[PDB]
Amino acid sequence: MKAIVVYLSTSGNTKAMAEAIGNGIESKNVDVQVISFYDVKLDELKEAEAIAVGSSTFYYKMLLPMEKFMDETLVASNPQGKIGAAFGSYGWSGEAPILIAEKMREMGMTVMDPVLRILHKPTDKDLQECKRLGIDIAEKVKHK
């Protein structure tokens, strides 16, 4: 089975989170690809049993390219009933991962806890939190 970790990142912080989530999924022998939203194909979303989506927060929102990706591409992938996860890096208000999770639920996805947001640059211990989210995603995939 297969998971995909899709992200938007402006300075690398959400990207670092995404790669650590993927490392956690790999560690449980679930296939995974960690990929920027710009490069992901519709078929790759359709193929996946679990889709984790991450964005940083700019002016209290996920950035517009990610909002479009979610409203157009993710909806078109027919994700009803799939495992979802939401994450991102932020500086003080941190709305984007909350908004991502809400969008996923509206789409019919079952969003795992925790929705994971991390201030500024992830420390090593922060990246262990990310790895744990990936382990949890893999275990959820294998349980289904």
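Counting begins at 1, following the sequence as shown.
Stretch comparison (53-61 versus 26-34) by mean CA B-factor in the PDB entry places 26-34 on top.
Averaged over CA atoms, B-factors in the entry run higher in 63-71 than in the other of 63-71 and 83-91. Among all modelled residues in its chain, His120 ranks in the highest third by Cα B-factor.
In this PDB entry, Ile100 carries a Cα temperature factor that places it within the lowest third of its chain's modelled residues.
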